[PDB]
Amino acid sequence: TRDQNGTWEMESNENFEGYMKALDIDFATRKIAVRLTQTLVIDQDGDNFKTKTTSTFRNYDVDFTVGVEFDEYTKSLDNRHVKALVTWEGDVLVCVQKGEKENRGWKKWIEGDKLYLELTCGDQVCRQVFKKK
Ligand SMILES: *C/C=C(C)/C=C/C=C(C)/C=C/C1=C(C)CCCC1(C)C
């Protein structure tokens, strides 16, 4: 399925520390962030996505249209400018964030009632799994 609508509660989070370190997120922020349960709310209408990731400590909102390049300033993360593009490869939603960091982006897909999110930066891969609330 390409339908990723839902309120998604984080079930697991593998190597978030490595990914954040590759992004140059400071030590203290990384230590807080690795322990937190995230909720990812996705509102998807055709090719329009509105997403909100929340935790007790920090939130991050990003909206995008599939197939439309957009400028991103990663405020509240690593505070960089990237040129972002989100597209479909089969039923995998693929984001490439072009800029200073190599191999920067993510892949998101559904597999039997779980949402999988693989975040990449440099040589690091973070693997997250969510379940619908
Ligand atoms: C569709 C999947 C998306 C938009 C993935 C979003 C991932 C985040 C918003 C993660 C954000 C964070 C970090 C990268 C490190 C600091 C903690 C967070 C949760 C603000």
Side-chain angles (χ1 to χ4, degrees):
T1 184
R2 286 184 174 153
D3 180 21
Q4 308 189 339
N5 272 291
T7 295
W8 297 96
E9 296 187 309
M10 171 175 272
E11 176 170 281
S12 62
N13 190 3
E14 290 176 35
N15 194 33
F16 201 30
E17 157 73 5
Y19 169 80
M20 291 188 288
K21 184 151 61 169
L23 286 175
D24 309 309
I25 301 181
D26 68 89
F27 176 87
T29 302
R30 296 200 311 266
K31 292 316 158 306
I32 301 149
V34 292
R35 63 186 178 223
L36 300 174
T37 308
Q38 302 182 26
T39 293
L40 167 57
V41 175
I42 296 169
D43 185 321
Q44 172 188 351
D45 180 16
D47 281 310
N48 297 319
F49 284 76
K50 301 183 192 317
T51 77
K52 306 186 94 99
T53 305
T54 60
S55 68
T56 56
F57 167 63
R58 188 175 293 176
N59 310 318
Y60 182 85
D61 308 330
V62 63
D63 305 340
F64 54 85
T65 297
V66 168
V68 176
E69 190 168 61
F70 64 110
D71 274 15
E72 192 152 44
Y73 173 71
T74 58
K75 72 262 172 57
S76 281
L77 306 184
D78 61 318
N79 301 295
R80 288 185 173 98
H81 293 95
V82 297
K83 232 141 193 180
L85 176 65
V86 188
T87 57
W88 292 107
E89 294 178 11
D91 64 334
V92 180
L93 192 65
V94 177
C95 173
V96 176
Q97 291 163 313
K98 287 300 186 189
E100 179 63 26
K101 298 294 175 169
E102 303 254 291
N103 301 310
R104 188 185 178 153
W106 51 254
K107 295 187 170 195
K108 187 180 300 165
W109 68 94
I110 301 295
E111 241 147 19
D113 117 282
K114 295 177 193 298
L115 182 147
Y116 292 79
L117 174 57
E118 169 181 294
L119 298 143
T120 59
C121 188
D123 62 6
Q124 295 295 308
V125 181
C126 165
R127 309 195 196 282
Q128 303 182 345
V129 181
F130 299 75
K131 182 186 51 165
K132 264 191 178 183
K133 189 144 75 191

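Quick note: numbers below take in every heavy atom, side chains included, and nothing from hydrogens, waters or symmetry partners. The chain is numbered in sequence order, starting from 1.
A 4.5 Å side-chain heavy-atom check between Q38 and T53 finds at least one atom pair inside the cut-off. Counting heavy atoms from C-beta outward, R104 and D78 have side chains that approach closer than 4.5 Å. Taking the side chain as every heavy atom from C-beta outward, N15 and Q124 approach each other to under 4.5 Å.
Figure legend: cation-pi geometry between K133 and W8 absent, as NZ or CZ is not positioned both under 6.0 Å from the six-membered ring centre and within 45° of its axis. Cation-pi check for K31 over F27 is met; the charged atom lies under 6.0 angstrom from the ring centroid and within 45 degrees of its normal. Under the 6.0 Å distance and 45° angle rule, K108 counts as a cation-pi partner of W106.
Under the 3.5 Å distance criterion, the side-chain polar atoms of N103 are matched with a main-chain donor or acceptor of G122. In this structure a side-chain-to-backbone donor-acceptor pair under 3.5 Å is missing from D47 to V66. Not one N or O on the side chain of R127 forms a donor-acceptor pair closer than 3.5 Å with the backbone of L117. Counting only distance, with no hydrogens or angles, the side chain of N13 and the backbone of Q128 share no donor-acceptor pair below 3.5 Å. Between the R2 side chain and the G90 main chain, a donor and an acceptor come within less than 3.5 Å of each other. Formation of a donor-acceptor pair under 3.5 Å by the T74 side chain with backbone atoms of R80 is found in this model.
In this structure, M10 is a member of the same hydrophobic cluster as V34, with clusters built from ILVMFWY side-chain heavy atoms closer than 4.5 Å. Residues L93 and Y19 fall within the same hydrophobic cluster, defined by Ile, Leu, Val, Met, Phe, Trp and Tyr side chains chained together at heavy-atom separations under 4.5 Å. Grouping the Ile, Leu, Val, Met, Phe, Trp and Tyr side chains by contacts below 4.5 angstrom, directly or via other members, places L23 with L77. In the hydrophobic clustering of ILVMFWY residues, with side-chain heavy atoms under 4.5 Å counting as a link, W88 and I42 come out together.
Using cut-offs of 30° and 60° on the angle between ring planes, the pair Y116 and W109 is parallel. The aromatic rings of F49 and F64 lie parallel to each other, their planes meeting at an angle below 30°, with 60° marking the opposite boundary.
Checked by atom type, the side-chain pair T65/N48 shows a donor-acceptor distance below 3.5 Å. For the residue pair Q97 and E72, a side-chain donor N or O sits within less than 3.5 Å of a side-chain acceptor on the partner.
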- Message: Checking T29 against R58 for the side chain to side chain contact (heavy atoms under 4.5 Å, CB included) test, could you report, in this order, the C-alpha distance in whole Å, the side-chain angles of both residues, the deciding distance, and whether it holds?
- Response: CA-CA 10 Å; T29 302; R58 188 175 293 176; 4.0 Å; yes

- Query: Are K83 and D71 close enough, and set up right, to give a side chain to side chain contact (heavy atoms under 4.5 Å, CB included), and what steps lead you there?
  - Reply: CA-CA 5 Å; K83 232 141 193 180; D71 274 15; 3.6 Å; yes

- Message: Pair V86, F70 - check side chain to side chain contact (heavy atoms under 4.5 Å, CB included), show working.
- Response: CA-CA 9 Å; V86 188; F70 64 110; 4.3 Å; yes

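Between atom CE of residue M20 and atom SG of residue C121 there is a gap of 12.0 Å, rounded to the nearest 0.5 Å. In this structure, OG1 in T87 is found 11.5 Å from CD in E69, a value given to the nearest 0.5 Å. Atom-to-atom distance recorded for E9:CD and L115:CG is 12.5 Å, nearest 0.5 angstrom. To the nearest 0.5 Å, atoms OG1 (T7) and CG (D43) are separated by 9.5 Å. From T120, atom OG1 reaches atom NZ of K107 across 8.5 Å, with rounding to the nearest 0.5 Å.
The number of heavy-atom neighbours closer than 6.0 Å to CD of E102, taken from other residues, nucleotides and ligands shown, is 12 or below.
Contacts of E11 classified as side chain to side chain contact (heavy atoms under 4.5 Å, CB included), with partners at least two apart in sequence or in another chain: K114, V129, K131. Partners of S55 under the side chain to side chain contact (heavy atoms under 4.5 Å, CB included) rule, at least two apart in sequence or in another chain, are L36, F57.
The two residues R30 and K21 make their nearest non-hydrogen contact at CD-N, 3.6 Å. Here the shortest heavy-atom pairing between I110 and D3 reads CG1-O, 3.9 Å. Looking at every heavy atom in both residues, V62 comes nearest to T51 through O-OG1, 2.8 Å. Across every non-hydrogen atom of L40 and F130, the tightest pair is CB-CE2, 3.9 Å. Closest heavy-atom contact between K75 and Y60: O-CE1, 3.7 Å. Closest non-hydrogen pair, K101 versus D24, comes out as NZ-OD2, 2.7 Å.
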